[PDB]
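Listed next as structure tokens is one chain, alone, in the form deposited in one PDB entry.
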């Protein structure tokens, strides 16, 4: 993550991030809504950061330092560039909505009143088709990536040294290879929980309540489609095992 965004999302909540004089200007319900939107953007910033650890720290480090067989790095990190493109674009839209809402003279005081339309756009049309295609592929290669990682860590000395080296700093404590893979897989199922809680505090403007209701429906449709399109790939699995599924 870049320092500007880390600092903007350093506080435990929107109510702790904005100046107390600005917080006092809002009703309780608006504060509750803003605290949940802030959690959605803050967890999205962290998810994009998890994808950068996978592409830049792990993947690129293995390509530039290790001598792994061809197709090994792809097997360890399936669809990471496509996932990073989907979420970096979605994060950019969320952060631009926050930036446009800032009060003149402030880099922390804002209120986001129109999130629903942004979520409908993200979870419909070509962007939803790409999210569905990418997560169905990634989640079907999850078991295979974990097994390939375990084999390499236990048999390749230079691979073990590389992993121990790049995961040694305290800031990588929660972000080893297998941990990043599960963080990414679990990301999509966090959206309905966050969207439903934002909806609970967005009844003040009927158009906003309707937009978040449509977005929650679209996210659930995407999740059902991804869940139905998953079948774990297994290295060396025979055709007979597959057609007898």
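What we label the rigid core is the largest C-alpha set whose atoms superpose within 1.5 Å from one form to the other. Positions refer to the first chain, counted from 1.
Rigid core fits of the other structures in 9 other deposited structures of this protein place the C-alpha atoms of one stretch farther away on average; of 118-126 and 69-77, that stretch is 69-77. As recorded in the PDB entry, 155-163 is the stretch of 106-114 and 155-163 with the greater mean C-alpha temperature factor. Of the two stretches examined, 61-69 and 200-208, the record assigns the greater average C-alpha temperature factor to 61-69. In this PDB entry, residue 30 carries a Cα temperature factor that places it within the highest third of its chain's modelled residues. Among all modelled residues in this chain, the alpha-carbon of residue 6 has a temperature factor (C-alpha) in the middle third. In this PDB entry, residue 135 carries a Cα temperature factor that places it within the lowest third of its chain's modelled residues. Sort the modelled residues of the chain by CA B factor and residue 225 lands in the middle third. Ranked by C-alpha B-factor against the other modelled residues of its chain, residue 171 falls in the highest third.
The same protein also has a form solved in complex with a small molecule, omitted here; what follows describes it.
Contact check for residue 109: a non-hydrogen atom falls within 4.5 Å of the small molecule in the bound PDB entry.
Looking at residue 172, you'd find every heavy atom of it more than 4.5 angstroms from the small molecule in the bound PDB entry. Every residue of the trio 21, 25 and 103 has some heavy atom no more than 4.5 Å from the small molecule in the bound PDB entry.
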